[PDB]
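Position 49 of the sequence shown, counted from 1, bears residue number 49 in the entry's author numbering, the numbering being contiguous throughout.
A virtual CB, placed ideally from N, CA and C, is assigned to each residue, including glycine.
Data block below; observations after.
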Amino acid sequence: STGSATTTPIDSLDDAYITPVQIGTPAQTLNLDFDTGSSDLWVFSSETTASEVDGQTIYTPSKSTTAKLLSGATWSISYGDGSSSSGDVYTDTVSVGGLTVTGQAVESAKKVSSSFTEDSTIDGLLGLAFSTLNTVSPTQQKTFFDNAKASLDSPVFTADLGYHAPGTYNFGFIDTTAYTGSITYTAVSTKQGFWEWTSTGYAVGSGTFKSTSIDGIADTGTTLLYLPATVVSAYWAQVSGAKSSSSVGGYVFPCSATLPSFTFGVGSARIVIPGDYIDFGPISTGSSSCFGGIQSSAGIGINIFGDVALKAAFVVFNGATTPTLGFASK
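So, in structure tokens, the structure goes:
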């Protein structure tokens, strides 16, 4: 089997991407944030504290003839950005782009933190990291991909995120029309539960490539590119007037700037992030200070190849017995 679904930016900055997901019988379609940095499929629901719902579409398990309470199971998750959610668990039929999993754990939120409430466009998350990170207790549950994998034509999924435009998540096949050149594959460590890999270096603009190992995670659920402070300083030094602002929470730059590109290495291959992908717009409405899309990972504890990086590539998440990651230009 295979599946193919379009993923759409939630706003004009590509702050996140939403993908429609069918849950239950008859189908209830929710728009979920596919997150290769976590491993829980959770949704706003009829159980979510009413004051914490503001415009989201909810899953109502009592209206699904295939929903079953997973008795005694609870979940609770906290994300790197400080947001969180928790609740109980149902199993139900879940379909993405025509690919169906029966008995998928659907984690129903009883509580969500303010940032989730405040984002009316995201109805929940669909985790695509390794199932070892799943938070369900006392019986850990499998991700949608883990459940689907054996049925897929090939044990892979691909992320093809757009810059200020829709893109695609495919399951079970590699669309050879969706990228240019060849796909370069690179090793993955699953020891921390992530799609963790090592970039071979970077360049800023038309500058020379610096060969240096940068361990980090391929994370579709993180907006920006978080790299070591040395790398980030080297980038922003090429932008007149850019500075790190403790009050704003990162590097800012004059909105009048033309940003240089940023290149990262995948083995001997190179992925180029155009400068415009690094512009996250005014820090507040009407400001002439703009927020940067490359930020320091210092104090996160891990480097994160988030959407800023991934949207410059066609990315293969290869879930073979020994997982790997592939990157192609597009």
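For the beta strand (DSSP E) that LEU161 lies in, which residues bound it at each end? Taking the first residue of the sequence shown as 1, we reach residue 161 at position 161. Element bounds for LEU161: n/a, residue is neither H nor E.
Select from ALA27, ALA50 and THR7 the residue whose C-alpha is nearest the C-alpha of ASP33. Walking along the sequence shown from the start, residue 33 turns up at place 33. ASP33 has its Cα closest to that of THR7, out of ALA27, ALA50 and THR7.
Please list, in chain order, all residues of the same chain as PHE209 whose beta carbon is under 8 Å from its beta carbon, the five residues on each side excluded. In the sequence shown, counting from the first residue as 1, residue 209 sits at position 209. Only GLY201, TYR202, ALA203, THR263, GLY265 and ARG270 meet the Cβ criterion.
Contact check, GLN28 vs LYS63, beta carbons under 9 Å: One-based indexing of the sequence shown puts residue 28 at position 28. One-based indexing of the sequence shown puts residue 63 at position 63. In this structure, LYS63 lies closer than 9 Å to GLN28 by Cβ.
Which whole-angstrom value describes the C-beta separation of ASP123 and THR49, a residue pair presumed to lie in contact below a C-beta threshold of 8 Å? Position 123 of the sequence shown, counting from 1, holds the residue named residue 123. Position 49 of the sequence shown, counting from 1, holds the residue named residue 49. Between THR49 and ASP123 the Cβ distance is about 15 Å, and since that is not below 8 Å, they are no contact.
Buried or exposed for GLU196, please, with buried defined as at least 16 other CB atoms from any protein chain shown within 10 angstroms of its CB. Locating residue 196 in the sequence shown gives position 196, where the first residue counts as 1. Only buried fits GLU196, as 16 or more other CB atoms lie within 10 angstroms of its CB.
Quick check: the segment 11–24 against the segment 155–170, are there 3 or more CB pairs under 8 Å? Contact annotation: the segment 11–24 touches the segment 155–170, with at least three C-beta pairs closer than 8 Å.
Quick test of your reading: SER38 and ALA129, contact by CB under 8 Å. State the CB separation rounded to the nearest angstrom. Taking the sequence shown and counting its residues from 1, one reaches residue 38 at position 38. Taking the sequence shown and counting its residues from 1, one reaches residue 129 at position 129. That pair is a contact at about 6 Å.
Grouping DSSP H, G and I as helix and E and B as strand, with all else coil, what is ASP15? Against the sequence shown, residue 15 aligns to sequence position 15. In the three-state DSSP reduction, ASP15 falls in the coil class, being neither helix nor strand.
May I ask which residues mark the beginning and end of the beta strand (DSSP E) holding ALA187? Here residue 187 refers to the residue found at position 187 of the sequence shown. For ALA187, the uninterrupted beta strand (DSSP E) run begins and ends at 184–187, by DSSP.
Residue from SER284, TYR185, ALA237 and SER45 with nearest C-alpha to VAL248: Within the sequence shown, numbered from 1, the residue matching residue 248 stands at position 248. Per the C-alpha coordinates, the member of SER284, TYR185, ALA237 and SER45 positioned closest to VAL248 is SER284.
With a cut-off of 8 Å, do at least 3 Cβ pairs link the segment 164–183 to the segment 231–241? With the rule of 3 Cβ pairs closer than 8 Å, the segment 164–183 does not count as touching the segment 231–241.
Please tell me whether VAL106 and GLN22 are closer than 9 Å, where the distance is taken between their beta carbons. In the sequence shown, residue 106 corresponds to position 106, counting from 1. In the sequence shown, residue 22 corresponds to position 22, counting from 1. No; because the gap between Cβ atoms is not below 9 Å, this pair is not in contact.
For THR2 and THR220, believed in contact at Cβ under 8 Å, the rounded distance: In the sequence shown, counting from the first residue as 1, residue 220 sits at position 220. In the sequence shown, counting from the first residue as 1, residue 2 sits at position 2. With 8 Å as the limit, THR220 and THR2 do not qualify as a contact, their Cβ atoms being about 19 Å apart.
What residues match up with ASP215 in a beta bridge as DSSP calls it? Here residue 215 corresponds to residue number 215 of the sequence shown, with the count starting at 1. According to DSSP, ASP215 bridges with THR198.
Extent of the continuous beta strand (DSSP E) to which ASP146 belongs: Looking up residue 146 in the sequence shown gives position 146. No beta strand (DSSP E) holds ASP146; the alpha helix (DSSP H) holding it covers 144–148.
Going by DSSP, what residues sit across from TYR79 in a beta bridge? The sequence position of residue 79 within the sequence shown is 79, counting from 1. Bridge partners of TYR79: none, in fact.
Counting beta carbon pairs with one atom in the segment 182–192 and one in the segment 313–323, are three or more of them shorter than 8 Å? Yes: at least three Cβ pairs fall under 8 Å.
In this structure, does DSSP put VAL231 in helix, strand or coil? Residue numbering aside, residue 231 sits at position 231 when the sequence shown is read from its first letter. Annotated three-state conformation of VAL231 is helix, per DSSP.
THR100 to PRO155 span [Cα, whole Å]: The residue labelled residue 100 in the question sits at position 100 within the sequence shown. The residue labelled residue 155 in the question sits at position 155 within the sequence shown. Computed Cα separation, rounded: 15 Å.
Indicate whether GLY167 and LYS311 have their beta-carbon atoms separated by less than 9 Å. Position 167 of the sequence shown, counted from the first residue, corresponds to residue 167. Position 311 of the sequence shown, counted from the first residue, corresponds to residue 311. Yes, the Cβ-Cβ distance between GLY167 and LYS311 is below 9 Å.
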